[PDB]
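Student: Here it is: the structure, laid out below.
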2 protein chains.
Amino acid sequence: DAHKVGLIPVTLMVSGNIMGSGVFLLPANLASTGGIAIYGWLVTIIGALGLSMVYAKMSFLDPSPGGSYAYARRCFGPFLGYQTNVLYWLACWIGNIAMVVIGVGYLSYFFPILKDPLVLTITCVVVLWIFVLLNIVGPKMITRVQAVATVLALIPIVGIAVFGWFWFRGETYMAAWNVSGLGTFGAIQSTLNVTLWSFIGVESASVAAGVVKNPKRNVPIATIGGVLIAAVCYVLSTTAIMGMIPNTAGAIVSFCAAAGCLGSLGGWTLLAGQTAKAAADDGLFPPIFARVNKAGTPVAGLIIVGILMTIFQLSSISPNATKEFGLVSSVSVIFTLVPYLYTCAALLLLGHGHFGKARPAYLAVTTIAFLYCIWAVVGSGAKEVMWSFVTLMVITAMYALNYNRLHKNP
Amino acid sequence: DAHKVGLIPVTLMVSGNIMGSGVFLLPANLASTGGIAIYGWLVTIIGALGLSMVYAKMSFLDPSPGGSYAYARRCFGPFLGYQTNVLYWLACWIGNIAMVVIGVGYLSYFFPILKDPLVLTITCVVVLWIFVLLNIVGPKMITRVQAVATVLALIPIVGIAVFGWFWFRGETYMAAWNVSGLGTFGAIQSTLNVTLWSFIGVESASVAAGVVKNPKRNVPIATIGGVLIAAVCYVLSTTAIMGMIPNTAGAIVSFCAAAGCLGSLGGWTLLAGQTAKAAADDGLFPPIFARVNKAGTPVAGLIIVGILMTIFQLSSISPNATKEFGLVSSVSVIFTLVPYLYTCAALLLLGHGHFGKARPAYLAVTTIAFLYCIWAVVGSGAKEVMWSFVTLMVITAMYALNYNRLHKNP
């Protein structure tokens, strides 16, 4: 096949969701803190690198298609998989709604503008659909748009990773020194309280599967290249930091920012098409998506993410906590952990005895991964996690709707 | 067999844990509120009655032995069962530690007394073991002690359910009328915020199984009789309520109170022996308990609940939130829901097509039950639930320790 992508457009998507909506936001998240505190970054890159590897090498066995759900289909796979999915999908779709509200806001001024009344909402509801459609074109199409836009946003970031280096200068950061974060002990958790909840997505490559050239070769390479890119970009970017705290060409960045979300939203809906229209096969959803207007893509699927994505989009017009941490914008984030947690489970009970010897190694990196997945949750909105819980319980109750599976029965 | 109990000592245990540690605490939990507000009770008794039935008729199929775990062994049954268990057991044991600290405090005065320094803790650590041992004698023995003590505490409660009736008198409660709770809408949730988190245990009869005469006949009868008893006692007891709010024979009650916890702790450890030393068989824990010094009982088991129960007991000496809601005393309570939630799941995917026709009925009462289980969680300590979550995630991670199951593999 050839209308089904290739390494370089995929690793760009993997780097491109992770990158991503968060960078033009990170430093200030660590300025009201609590900044530098670079340790925070050392921990998190270790953790996420491990998570990237767990996936990297779980897809290297069975990819997938989902993924993060095939796997959960072998830490069960029914109930646990249908819930791993519902709860994932249910959090790629939800994510966008609060992703655009920001990416349009990177254009708040500069053409359009406007960008204030019912106009941001109605402009945003329009953009969502540009991408639903760019996928009905795709998928080889959306990843293509995607690769471009994210490279456009590499302009600035890796503009500083080398150009920014040649600039500042220098001991000013040393002036800002550490502190602001109250001592090593616990001041790391200012950075781990943000460096962490913005490194999500390492799944995407293990999530494509069907829509990548060779899964068994291209997919891992993708997750790893993507993450490594993401990590490095992260570090060399939030090291351009001298002391400030109060929150011509500069225009190219006020744009190359919404440019990261031009490619993003596409990638992310692409995954909400897959990590559902999948489970809509293997077993159940219910489905529906399907139905797959021939030659790939789920016309039905992404078009339902449209209707849906909208309906919220124009009620989070508007309040819901009028930006991130929306008590509903963040829950779609905690959600995505449960799939990470099960991916880790599977990357072991499917290495039954590993389809690969010399284990004392793997039995390690996945334990890191468990830690990442767990610690992320542990430092988090008390209300905002309790909700993630009530979700699961109702998602389960909602195998009233599915009253027909099996295993070990009367 | 005959050293393995019978209906009347079991339904007494079922009523006797549920009863139980909570009654001599309920009214004041609804006086700082928010009292009467009797609706709260109408809702909750419906909900719990349904939960009692879900169990009542899940054990009527497969009992069990656990139960609440055999069942979760068929909403999976591996991972989901080993977690349903860990999380249950891990919450019968924990529960006592904060159960005695109160039941000794019902003797705070009246012999011993003392009851203040390291004396309550060291007196409490002694009592725990009286019951560990009374079970190594049992189980036919502990349920026997149990039946007695809980009947001793019926003296007071159903002392008022009839004697109390002949007393007060009368329209005074009408004087206290409703209110204090701010309007029907949401004032019910003062009562449902306590009538609820004190009706736990309806499981116990489905939890015994092996240690009851006929499971298929005695067990349900037990859950239902127990709960009905518990419900009625509840209502006719917190209706002796005229107006008060500020918080010879009277002595018989200051004792017949710690008398409810003389029987309780025994019953409850009995279940932490079962709903583990079970799963220690069927599949994994790891086990260990076993080993079952012949003729029933798990000498090893309850003795480990002793060591364990202690170790906490003398660190919650002492603070931990120095009474209920201990942010660790309550989490052992939220825990117990996940087993309720899965019991409901199973009471369906094992009625695959029900081993019983005329379904529109059952498909109902279990939906109530889901609501009960879910709503209980939803109104709850934001921190205290987030913890229940992090538990599960680590319990799962902890099938690093169990890296050998199966279902649908490479």
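Identifiers in the structure tokens: chain A, B, ... in order shown; residue index from 1 per chain; ligand index from 1 in order shown.
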Within 8 Å of chain A, which residues of chain B come that close, and what is the closest atom pair and distance in Å for each? Count only C-alpha atoms and give it as CSV.
Tutor:
residue,atom,partner,partner_atom,distance
B:62,CA,A:410,CA,7.6
B:73,CA,A:408,CA,7.6
B:74,CA,A:407,CA,5.7
B:75,CA,A:407,CA,7.4
B:76,CA,A:407,CA,6.2
B:77,CA,A:407,CA,6.9
B:78,CA,A:76,CA,7.9
B:79,CA,A:75,CA,7.2
B:341,CA,A:393,CA,7.2
B:345,CA,A:397,CA,6.9
B:348,CA,A:403,CA,6.6
B:349,CA,A:403,CA,5.6
B:350,CA,A:409,CA,6.3
B:352,CA,A:404,CA,6.1
B:367,CA,A:397,CA,7.8
B:370,CA,A:397,CA,6.2
B:374,CA,A:393,CA,6.4
B:377,CA,A:390,CA,7.0
B:378,CA,A:390,CA,6.4
B:382,CA,A:383,CA,5.0
B:383,CA,A:382,CA,5.0
B:385,CA,A:386,CA,5.4
B:386,CA,A:386,CA,4.9
B:387,CA,A:378,CA,7.8
B:389,CA,A:389,CA,6.2
B:390,CA,A:378,CA,6.3
B:393,CA,A:374,CA,6.4
B:394,CA,A:374,CA,6.9
B:396,CA,A:345,CA,7.4
B:397,CA,A:370,CA,6.0
B:399,CA,A:345,CA,7.0
B:400,CA,A:345,CA,7.4
B:403,CA,A:349,CA,5.3
B:404,CA,A:352,CA,5.8
B:405,CA,A:349,CA,6.4
B:406,CA,A:349,CA,6.8
B:407,CA,A:74,CA,5.7
B:408,CA,A:74,CA,5.9
B:409,CA,A:350,CA,6.4
B:410,CA,A:350,CA,6.9
Student: I need the chosen residues saved as a short mmCIF file (atom, residue, chain, number, x, y, z; two decimals), in the first residue's frame, with N, CA, C and O atoms.
Tutor:
data_model
loop_
_atom_site.label_atom_id
_atom_site.label_comp_id
_atom_site.auth_asym_id
_atom_site.auth_seq_id
_atom_site.Cartn_x
_atom_site.Cartn_y
_atom_site.Cartn_z
N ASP B 62 -24.19 -18.86 42.06
CA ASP B 62 -22.84 -19.38 42.30
C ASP B 62 -22.24 -18.84 43.58
O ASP B 62 -21.77 -17.70 43.61
N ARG B 73 -14.53 -12.86 39.04
CA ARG B 73 -13.78 -13.85 38.29
C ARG B 73 -14.55 -14.27 37.03
O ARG B 73 -14.10 -15.07 36.23
N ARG B 74 -15.74 -13.71 36.85
CA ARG B 74 -16.47 -13.95 35.62
C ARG B 74 -17.01 -12.65 35.00
O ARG B 74 -17.83 -12.68 34.08
N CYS B 75 -16.58 -11.51 35.54
CA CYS B 75 -16.50 -10.29 34.74
C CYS B 75 -15.04 -10.18 34.33
O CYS B 75 -14.59 -9.12 33.89
N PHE B 76 -14.29 -11.26 34.49
CA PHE B 76 -13.00 -11.35 33.84
C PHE B 76 -12.59 -12.79 33.54
O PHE B 76 -12.79 -13.24 32.40
N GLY B 77 -12.06 -13.55 34.50
CA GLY B 77 -11.98 -13.20 35.91
C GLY B 77 -10.66 -12.85 36.61
O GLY B 77 -10.71 -12.24 37.67
N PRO B 78 -9.50 -13.25 36.05
CA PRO B 78 -8.18 -12.80 36.51
C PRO B 78 -8.05 -11.34 37.00
O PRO B 78 -8.68 -10.92 37.97
N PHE B 79 -7.17 -10.59 36.35
CA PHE B 79 -6.88 -9.22 36.76
C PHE B 79 -8.02 -8.55 37.55
O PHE B 79 -7.80 -8.04 38.63
N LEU B 341 -19.71 -2.86 42.71
CA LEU B 341 -19.86 -2.53 41.29
C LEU B 341 -19.69 -3.76 40.36
O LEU B 341 -20.47 -3.96 39.43
N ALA B 345 -22.08 -6.13 37.82
CA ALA B 345 -21.68 -6.53 36.47
C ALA B 345 -21.89 -8.02 36.27
O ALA B 345 -22.57 -8.44 35.33
N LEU B 348 -25.05 -10.15 35.78
CA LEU B 348 -25.66 -10.02 34.47
C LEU B 348 -24.88 -10.86 33.49
O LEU B 348 -25.38 -11.87 33.06
N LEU B 349 -23.65 -10.51 33.18
CA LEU B 349 -22.88 -11.37 32.29
C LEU B 349 -22.70 -12.83 32.79
O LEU B 349 -21.85 -13.59 32.28
N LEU B 350 -23.49 -13.22 33.78
CA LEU B 350 -23.52 -14.62 34.18
C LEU B 350 -24.95 -15.09 34.16
O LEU B 350 -25.22 -16.28 34.06
N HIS B 352 -25.95 -14.62 31.57
CA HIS B 352 -25.63 -14.49 30.13
C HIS B 352 -26.92 -14.14 29.44
O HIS B 352 -27.20 -12.98 29.16
N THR B 367 -29.86 -2.21 37.96
CA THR B 367 -29.56 -0.83 37.56
C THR B 367 -29.66 0.11 38.75
O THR B 367 -28.83 0.99 38.92
N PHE B 370 -26.47 -0.36 40.53
CA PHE B 370 -25.38 0.40 39.92
C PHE B 370 -25.46 1.84 40.38
O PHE B 370 -24.45 2.49 40.63
N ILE B 374 -22.69 3.84 42.41
CA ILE B 374 -22.10 5.00 41.75
C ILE B 374 -22.31 6.29 42.53
O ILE B 374 -21.36 7.04 42.75
N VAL B 377 -20.26 6.89 45.56
CA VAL B 377 -18.95 7.40 45.26
C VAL B 377 -19.00 8.87 44.96
O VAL B 377 -18.21 9.63 45.48
N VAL B 378 -19.97 9.25 44.12
CA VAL B 378 -20.05 10.61 43.57
C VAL B 378 -20.17 11.69 44.64
O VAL B 378 -19.50 12.72 44.57
N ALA B 382 -13.35 14.44 48.07
CA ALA B 382 -12.65 14.61 46.81
C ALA B 382 -11.28 13.95 46.90
O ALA B 382 -10.90 13.19 46.01
N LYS B 383 -10.54 14.24 47.97
CA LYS B 383 -9.23 13.64 48.17
C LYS B 383 -9.44 12.15 48.38
O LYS B 383 -8.77 11.33 47.78
N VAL B 385 -11.53 9.96 47.45
CA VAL B 385 -11.80 9.13 46.27
C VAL B 385 -10.59 9.10 45.35
O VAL B 385 -10.28 8.05 44.77
N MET B 386 -9.90 10.23 45.21
CA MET B 386 -8.75 10.28 44.33
C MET B 386 -7.81 9.18 44.75
O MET B 386 -7.14 8.57 43.92
N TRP B 387 -7.78 8.92 46.06
CA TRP B 387 -6.90 7.90 46.63
C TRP B 387 -7.32 6.50 46.24
O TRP B 387 -6.48 5.67 45.86
N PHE B 389 -8.76 5.80 43.61
CA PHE B 389 -8.21 5.69 42.27
C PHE B 389 -6.73 5.23 42.28
O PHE B 389 -6.38 4.19 41.70
N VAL B 390 -5.86 6.00 42.94
CA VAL B 390 -4.43 5.69 42.89
C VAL B 390 -4.16 4.29 43.40
O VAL B 390 -3.24 3.61 42.93
N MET B 393 -4.67 1.81 40.45
CA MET B 393 -3.59 1.92 39.48
C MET B 393 -2.36 1.19 39.96
O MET B 393 -1.70 0.50 39.18
N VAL B 394 -2.06 1.34 41.24
CA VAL B 394 -0.95 0.58 41.81
C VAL B 394 -1.27 -0.91 41.99
O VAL B 394 -0.43 -1.75 41.70
N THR B 396 -2.85 -2.53 40.10
CA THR B 396 -2.67 -3.06 38.76
C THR B 396 -1.20 -3.20 38.46
O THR B 396 -0.73 -4.29 38.16
N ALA B 397 -0.48 -2.09 38.57
CA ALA B 397 0.96 -2.13 38.46
C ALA B 397 1.45 -3.41 39.12
O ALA B 397 2.38 -4.06 38.64
N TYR B 399 0.44 -6.24 39.09
CA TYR B 399 0.54 -7.45 38.27
C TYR B 399 1.78 -7.33 37.38
O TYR B 399 1.79 -7.75 36.23
N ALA B 400 2.80 -6.69 37.96
CA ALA B 400 4.19 -7.01 37.71
C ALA B 400 4.49 -8.27 38.52
O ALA B 400 5.05 -9.23 38.01
N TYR B 403 3.01 -11.63 36.63
CA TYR B 403 3.27 -11.84 35.18
C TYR B 403 3.07 -13.20 34.55
O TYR B 403 3.95 -13.67 33.83
N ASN B 404 1.91 -13.81 34.81
CA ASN B 404 1.49 -15.03 34.13
C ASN B 404 -0.01 -15.38 34.14
O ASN B 404 -0.46 -16.17 34.97
N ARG B 405 -0.75 -14.80 33.19
CA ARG B 405 -2.15 -15.18 32.94
C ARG B 405 -2.38 -15.59 31.46
O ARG B 405 -1.85 -16.63 31.06
N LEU B 406 -3.13 -14.83 30.67
CA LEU B 406 -3.33 -15.23 29.26
C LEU B 406 -4.16 -14.35 28.31
O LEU B 406 -3.65 -13.37 27.78
N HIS B 407 -5.42 -14.79 28.14
CA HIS B 407 -6.50 -14.41 27.16
C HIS B 407 -6.31 -13.68 25.81
O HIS B 407 -6.33 -12.44 25.75
N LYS B 408 -6.22 -14.45 24.72
CA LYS B 408 -6.13 -13.93 23.35
C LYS B 408 -4.70 -13.53 22.90
O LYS B 408 -4.51 -12.52 22.24
N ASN B 409 -3.69 -14.34 23.23
CA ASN B 409 -2.30 -13.89 23.17
C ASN B 409 -1.54 -14.11 21.86
O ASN B 409 -2.01 -14.86 21.02
N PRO B 410 -0.36 -13.45 21.70
CA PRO B 410 0.55 -13.60 20.55
C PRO B 410 1.19 -14.98 20.42
O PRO B 410 2.05 -15.11 19.54
#
Student: What lies within 8 Å of segment 225-234 of chain B using only C-alpha atoms, ignoring chain neighbours under 3 positions off, as number ranges by chain?
Tutor: B: 11-16, 18-19, 23, 45, 49, 52, 157-158, 161, 202, 221-222, 237-238
Student: Convert the current residue selection to file output with N, CA and C atoms, as a PDB file, in the first residue's frame.
Tutor:
ATOM      1  N   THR B  11     -27.413 -14.881  59.236  1.00  0.00           N
ATOM      2  CA  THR B  11     -28.200 -13.678  59.015  1.00  0.00           C
ATOM      3  C   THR B  11     -27.934 -12.702  60.145  1.00  0.00           C
ATOM      4  N   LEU B  12     -27.605 -13.230  61.314  1.00  0.00           N
ATOM      5  CA  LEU B  12     -27.196 -12.374  62.415  1.00  0.00           C
ATOM      6  C   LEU B  12     -25.864 -11.704  62.138  1.00  0.00           C
ATOM      7  N   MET B  13     -24.926 -12.413  61.522  1.00  0.00           N
ATOM      8  CA  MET B  13     -23.684 -11.770  61.103  1.00  0.00           C
ATOM      9  C   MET B  13     -23.923 -10.754  59.996  1.00  0.00           C
ATOM     10  N   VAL B  14     -24.827 -11.066  59.069  1.00  0.00           N
ATOM     11  CA  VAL B  14     -25.122 -10.164  57.953  1.00  0.00           C
ATOM     12  C   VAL B  14     -25.776  -8.888  58.449  1.00  0.00           C
ATOM     13  N   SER B  15     -26.720  -9.039  59.360  1.00  0.00           N
ATOM     14  CA  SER B  15     -27.297  -7.883  60.003  1.00  0.00           C
ATOM     15  C   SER B  15     -26.239  -7.252  60.897  1.00  0.00           C
ATOM     16  N   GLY B  16     -25.341  -8.076  61.413  1.00  0.00           N
ATOM     17  CA  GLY B  16     -24.465  -7.688  62.502  1.00  0.00           C
ATOM     18  C   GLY B  16     -23.231  -6.885  62.158  1.00  0.00           C
ATOM     19  N   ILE B  18     -23.482  -4.905  59.173  1.00  0.00           N
ATOM     20  CA  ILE B  18     -24.212  -3.795  58.589  1.00  0.00           C
ATOM     21  C   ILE B  18     -24.768  -2.884  59.670  1.00  0.00           C
ATOM     22  N   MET B  19     -25.047  -3.469  60.834  1.00  0.00           N
ATOM     23  CA  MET B  19     -25.956  -2.871  61.811  1.00  0.00           C
ATOM     24  C   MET B  19     -25.697  -1.400  62.130  1.00  0.00           C
ATOM     25  N   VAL B  23     -24.778   2.676  63.911  1.00  0.00           N
ATOM     26  CA  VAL B  23     -26.021   3.172  64.507  1.00  0.00           C
ATOM     27  C   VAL B  23     -25.802   4.158  65.650  1.00  0.00           C
ATOM     28  N   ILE B  45     -32.776   2.979  51.473  1.00  0.00           N
ATOM     29  CA  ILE B  45     -33.233   1.620  51.743  1.00  0.00           C
ATOM     30  C   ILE B  45     -33.652   0.930  50.451  1.00  0.00           C
ATOM     31  N   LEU B  49     -31.462  -2.213  49.419  1.00  0.00           N
ATOM     32  CA  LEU B  49     -32.279  -3.407  49.318  1.00  0.00           C
ATOM     33  C   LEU B  49     -31.969  -4.045  47.973  1.00  0.00           C
ATOM     34  N   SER B  52     -28.666  -5.623  48.130  1.00  0.00           N
ATOM     35  CA  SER B  52     -28.791  -6.836  48.928  1.00  0.00           C
ATOM     36  C   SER B  52     -29.361  -7.926  48.047  1.00  0.00           C
ATOM     37  N   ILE B 157     -31.767  -1.019  70.539  1.00  0.00           N
ATOM     38  CA  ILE B 157     -32.420  -0.534  69.324  1.00  0.00           C
ATOM     39  C   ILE B 157     -33.872  -0.970  69.149  1.00  0.00           C
ATOM     40  N   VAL B 158     -34.131  -2.271  69.128  1.00  0.00           N
ATOM     41  CA  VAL B 158     -35.515  -2.716  69.026  1.00  0.00           C
ATOM     42  C   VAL B 158     -36.159  -2.639  70.410  1.00  0.00           C
ATOM     43  N   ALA B 161     -37.725   0.504  69.085  1.00  0.00           N
ATOM     44  CA  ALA B 161     -38.593   0.255  67.929  1.00  0.00           C
ATOM     45  C   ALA B 161     -40.016  -0.112  68.340  1.00  0.00           C
ATOM     46  N   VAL B 202     -23.698  -5.750  53.005  1.00  0.00           N
ATOM     47  CA  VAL B 202     -24.706  -6.671  52.507  1.00  0.00           C
ATOM     48  C   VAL B 202     -24.053  -7.831  51.788  1.00  0.00           C
ATOM     49  N   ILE B 221     -31.254 -15.811  51.824  1.00  0.00           N
ATOM     50  CA  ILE B 221     -32.104 -15.603  52.974  1.00  0.00           C
ATOM     51  C   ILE B 221     -31.353 -14.715  53.945  1.00  0.00           C
ATOM     52  N   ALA B 222     -30.077 -15.033  54.148  1.00  0.00           N
ATOM     53  CA  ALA B 222     -29.237 -14.298  55.082  1.00  0.00           C
ATOM     54  C   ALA B 222     -29.092 -12.840  54.683  1.00  0.00           C
ATOM     55  N   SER B 237     -35.373   3.395  64.510  1.00  0.00           N
ATOM     56  CA  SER B 237     -34.400   3.883  65.487  1.00  0.00           C
ATOM     57  C   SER B 237     -34.102   5.376  65.349  1.00  0.00           C
ATOM     58  N   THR B 238     -33.850   5.849  64.129  1.00  0.00           N
ATOM     59  CA  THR B 238     -33.652   7.287  63.925  1.00  0.00           C
ATOM     60  C   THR B 238     -34.963   8.014  63.647  1.00  0.00           C
TER      61      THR B 238
END
Student: State, in Å with one decimal place, the distance from atom CA of residue 118 of chain B to atom CA of residue 132 of chain B.
Tutor: 21.5 Å
Student: Which one of B:315, B:195, B:293, B:143 sits closest to residue 36 of chain B if you count only C-alpha atoms?
Tutor: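 Nearest to residue 36 of chain B: B:195.
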Student: Quote the spacing between atom CA of residue 85 of chain B and atom CA of residue 97 of chain B in Å to one decimal place.
Tutor: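 Atom-to-atom, atom CA of residue 85 of chain B and atom CA of residue 97 of chain B are spaced 19.1 Å apart.
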Student: Please compute the atom CA of residue 258 of chain B-atom CA of residue 107 of chain B distance, one decimal, in Å.
Tutor: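 Computing it gives 6.7 Å between the two atoms.
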Student: Do you know which residues are at most 12 Å from segment 319-328 of chain B counting only C-alpha atoms, after dropping those on the same chain fewer than 5 positions away, and could you put them as a ChimeraX atom specification?
Tutor: /B:21-22,25,29,90-91,93-103,105,121,194,197-198,312-314,333-335,380-388,391
Student: Would you mind telling me which residue in B:131, B:139, B:242, B:117 lies nearest to residue 172 of chain B when using only C-alpha atoms?
Tutor: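 Smallest distance to residue 172 of chain B is found for B:242.
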Student: Please extract the residues of segment 247-328 of chain A with a backbone DSSP assignment of helix (DSSP H, G or I) and present them as JSON, numbers by chain.
Tutor: {"A": [250, 251, 252, 253, 254, 255, 256, 260, 261, 262, 263, 264, 265, 266, 267, 268, 269, 270, 271, 272, 273, 274, 275, 276, 277, 299, 300, 301, 302, 303, 304, 305, 306, 307, 308, 309, 310, 311, 312, 313]}
Student: Report as a PyMOL selection string all protein, DNA and RNA residues lying within 8 Å of residue 264 of chain A, evaluated on only C-alpha atoms, omitting residues in the same chain fewer than 3 positions from it.
Tutor: chain A and resi 13+16-17+20-21+146+150+260-261+267-268
Student: Residues within 10 Å of residue 190 of chain A, please, as a compact mmCIF listing (two decimals) with N, CA and C atoms, in the first residue's frame. Count only C-alpha atoms; anything in the same chain fewer than 4 positions from it doesn't count.
Tutor:
# COMPACT_ATOMS: atom_id res chain seq x y z
N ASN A 29 3.78 28.24 32.97
CA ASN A 29 3.33 27.24 33.93
C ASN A 29 4.42 27.00 34.99
N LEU A 30 5.68 27.26 34.62
CA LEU A 30 6.80 27.18 35.57
C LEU A 30 7.47 28.53 35.88
N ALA A 31 6.68 29.60 35.84
CA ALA A 31 7.14 30.93 36.23
C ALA A 31 6.38 31.42 37.46
N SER A 32 5.08 31.15 37.52
CA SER A 32 4.29 31.44 38.71
C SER A 32 4.80 30.55 39.83
N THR A 33 5.36 29.40 39.45
CA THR A 33 6.17 28.58 40.33
C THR A 33 7.55 29.28 40.40
N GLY A 34 8.64 28.60 40.74
CA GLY A 34 8.77 27.16 40.79
C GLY A 34 9.62 26.76 39.59
N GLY A 35 10.09 27.77 38.87
CA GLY A 35 10.92 27.56 37.70
C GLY A 35 12.37 27.20 37.99
N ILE A 36 12.87 26.23 37.23
CA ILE A 36 14.29 25.86 37.20
C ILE A 36 14.99 25.69 38.56
N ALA A 37 14.88 24.52 39.22
CA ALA A 37 13.93 23.43 38.91
C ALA A 37 13.98 22.78 37.51
N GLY A 40 13.04 18.69 37.57
CA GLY A 40 11.71 18.28 37.18
C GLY A 40 11.75 17.66 35.80
N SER A 180 12.48 29.87 44.37
CA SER A 180 11.09 30.15 43.98
C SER A 180 10.29 28.87 44.23
N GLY A 181 10.93 27.76 43.90
CA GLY A 181 10.53 26.45 44.35
C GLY A 181 11.24 26.20 45.67
N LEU A 182 10.44 25.85 46.67
CA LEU A 182 10.91 25.79 48.05
C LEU A 182 11.72 24.53 48.32
N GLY A 186 10.34 18.56 47.07
CA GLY A 186 9.00 19.09 46.85
C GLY A 186 8.89 20.25 45.87
N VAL A 194 3.60 19.93 35.98
CA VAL A 194 3.29 20.48 34.67
C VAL A 194 4.10 19.85 33.53
N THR A 195 5.40 19.66 33.73
CA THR A 195 6.21 18.99 32.72
C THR A 195 5.55 17.66 32.39
N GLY A 379 -0.29 13.35 41.95
CA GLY A 379 -0.33 14.80 41.99
C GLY A 379 -1.39 15.34 41.04
